[PDB]
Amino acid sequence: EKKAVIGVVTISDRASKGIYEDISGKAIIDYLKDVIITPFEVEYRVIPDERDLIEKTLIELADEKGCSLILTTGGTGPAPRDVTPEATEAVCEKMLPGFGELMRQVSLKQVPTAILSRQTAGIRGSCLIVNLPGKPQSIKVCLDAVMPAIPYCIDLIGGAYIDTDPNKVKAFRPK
């Protein structure tokens, strides 16, 4: 009867300093509340882009809070301080190249700079971790593209049961 807990991690020095409002994390939470039919809790965190803090935070959410899914936003570009993908790979046992490929494909429809994104996704135990973009609009387009495969992925790793509203996002399951 595993309970569904979804982690939302905003990685931004500015946001963590309070220099500006976290519209990215808000965009992710709003999206989840809007499309998920099944019951679920949220573990929200806003941290600066410190490599060690990112890894420690991902591990805490998966291991200690029992998250079945963790969505990050921020730190996925070419800049040297953007280490979210590095942190993600460092805490996962298996990576899923298909996520990064599709997210870049979808973004490319908007801007050619989509090829500069290093967003990825991987598995840590019964938890799926996915790197999302920063802009609320791009976050929506991104989730509409990958969410259809997320619930089933979590099923396959032993995570909590999640289902979405087919009228908004169809969670494909080989039935």
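All residue numbers refer to positions in the sequence shown, first residue = 1.
In this crystal structure, the stretch out of 159-167 and 5-13 whose C-alpha atoms carry the higher mean B factor is 159-167. Judged by mean Cα B factor in the deposited record, 137-145 ranks above the other of 137-145 and 122-130. Highest CA B-factor among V42, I28, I70, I54, as stated in the entry: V42. Sorting the modelled residues of the chain by their CA temperature factor places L32 in the middle third. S107: CA B factor lies in the middle third for its chain, per the PDB record.
Placement of the Cα temperature factor of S117 within the chain: lowest third of the modelled residues, per the deposited record. The PDB entry assigns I154 a C-alpha temperature factor belonging to the lowest third of its chain's modelled residues.
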